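Heads up, the Cβs are rebuilt from the backbone with ideal geometry, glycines too, and the neighbour counts pull from every protein chain shown. Just so you know, all these numbers are worked out from the coordinates, no wet-lab data involved.
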Amino acid sequence: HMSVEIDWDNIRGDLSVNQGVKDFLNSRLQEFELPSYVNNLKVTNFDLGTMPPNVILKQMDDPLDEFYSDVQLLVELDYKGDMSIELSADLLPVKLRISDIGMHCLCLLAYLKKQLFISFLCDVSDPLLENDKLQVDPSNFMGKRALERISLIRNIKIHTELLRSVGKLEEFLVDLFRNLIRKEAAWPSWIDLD
């Protein structure tokens with residue numbers, strides 16, 4: 001494969017992208033039943049890592065019909081890096097730190113009318129790829145079989161700051177972010193950006 005190297009820090013440092021996934025997060029975040037004991041749970045900061053992911057272009061296509069309202073890249077995507085998501089809530093106000101967000105997955109990127117959609121399709125080590133049981137060639141493509149799809153986030157860490165009932169809370173935010181990006185950023189849904 002011929003690799004093409006692109007500056008990471010100017011992507012990482014994109015005002016347009018950061019304010020966008022923050023918005024995306026906050027937006028979809030507000031669409032969840034949280035427990036009685038949590039309030040004003042807002043995203044305060046996003047940061048794509050200082051570590052660039054390795055990308056493999058698997059396909060170029062015209063953007064799928066389903067951007068009903070330029071270019072589409074089917075892309076294997078390996079993020080074993082230092083992406084960090086910063087947060088805040090009340091209960092007592094706190095500050096949360098989501099880190100070490102692992103990732104290895106097939107992922108549609110579709111740019112058109114100055115928009116960029118990011119749909120995570122599925123994990124590269126999903127067993128439903130075993131016998132083309134999920135059709136991930138967008139030409140059959142991504143059937144109902146999609147429902148049985150192992151989660152796209154591979155690693156994730158979290159720290160908090162102002163016995164250890166924070167555990168119960170830290171299991172919760174993880175089993176929330178996780179459930180969000182399935183619900184809202186993985187196909188049929190996607191992250192929208194300008």
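With +1 on each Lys and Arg Cβ and -1 on each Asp and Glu Cβ, and nothing else charged, work out how big the dipole of the chain is about its Cα centre, in Debye to the nearest 20.
600
Once phi is turned into ³J(HN,Hα) by the Karplus curve 6.51 cos²θ - 1.76 cosθ + 1.60 with θ = phi - 60°, what whole-Hz value does each residue of the stretch 44-53 show in order, with x for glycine and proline?
Values, residue by residue: 9, 6, 10, 8, 6, x, 7, 10, x, x Hz.
5 Å is the cut-off here: which amide hydrogens, built 1.01 Å from N in the peptide plane, fall below it relative to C122, excluding neighbours closer than 5 in sequence?
Amide H neighbours of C122, under 5 Å, 5+ apart: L106.
Which one, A89, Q30, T50, is farthest towards the positive end of the dipole of the chain when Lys and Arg carry +1 and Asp and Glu -1 on their Cβ?
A89
Quick one: if the Förster radius is 22 Å, what FRET efficiency do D62 and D137 give, using the C-beta to C-beta distance and rounding to 0.05? Walk me through the numbers before you get to the answer.
Numbers: r = 14 Å, r/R0 = 0.64.
It comes out at approximately 0.95.
Which distance in nm do the two modelled labels at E76 and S3 give, with both placed 7 Å along the Cα-to-Cβ direction?
Between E76 and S3, the simple spin-label model gives 1.4 nm.
Tell me which residues come under 5 Å, amide H to amide H, from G102 once H is placed; ignore anything under 5 positions away on its chain.
Residues meeting the amide H criterion: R154, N155, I156.
How many angstrom lie between the Cα centre of the stretch 78-155 and the Cα centre of the stretch 29-60?
Here the two parts' Cα centres lie 10 Å apart.
Taking the dipole about the Cα centre of the chain, with the C-beta of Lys and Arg at +1 and of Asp and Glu at -1, give me whichever of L147, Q115, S16 is farthest to the positive side.
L147
For the pair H159 and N54, how long in nm is the line joining their label points, each one 7 Å along Cα→Cβ?
Result for the modelled spin labels: 2.8 nm.
Just in the stretch 1-43: which chymotrypsin sites (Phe, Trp or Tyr not before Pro) are loop by DSSP and have at most 14 other Cβ atoms within 10 Å? Intermediate results must be reported in sequence, preceding the final value.
Values: sites: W8, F24, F32, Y37; in loops: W8, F32, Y37.
Loop-located and lightly packed - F32, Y37.
For an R0 of 22 angstrom, estimate the FRET efficiency from the Cβ-Cβ distance between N45 and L176 and round to the nearest 0.05. Spell out each step's value before the answer.
On the way: r = 17 Å, r/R0 = 0.79.
According to the calculation, E is roughly 0.80.
Could you give the dipole magnitude of the stretch 150-194 about its Cα centre, charging the beta-carbon of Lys and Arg +1 and that of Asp and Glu -1, in debye to the nearest 20? List each step's numbers first, then the result.
Details: 7 positive and 7 negative charges, 57 e Å.
Roughly 280 debye for the stretch 150-194.
Could you please rank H159, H104, placing first whichever residue has the fewest other Cβ atoms within 10 Å of its Cβ?
Values: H159 11, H104 17.
Arranged by neighbour count, lowest to highest, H159, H104 become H159, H104.
Percent of Cα-Cα pairs per 10 Å bin, from 0 to the last occupied bin, for the chain, please list those.
Taking every Cα pair in the chain, the percentages come to 8, 34, 36, 18, 4, 0.
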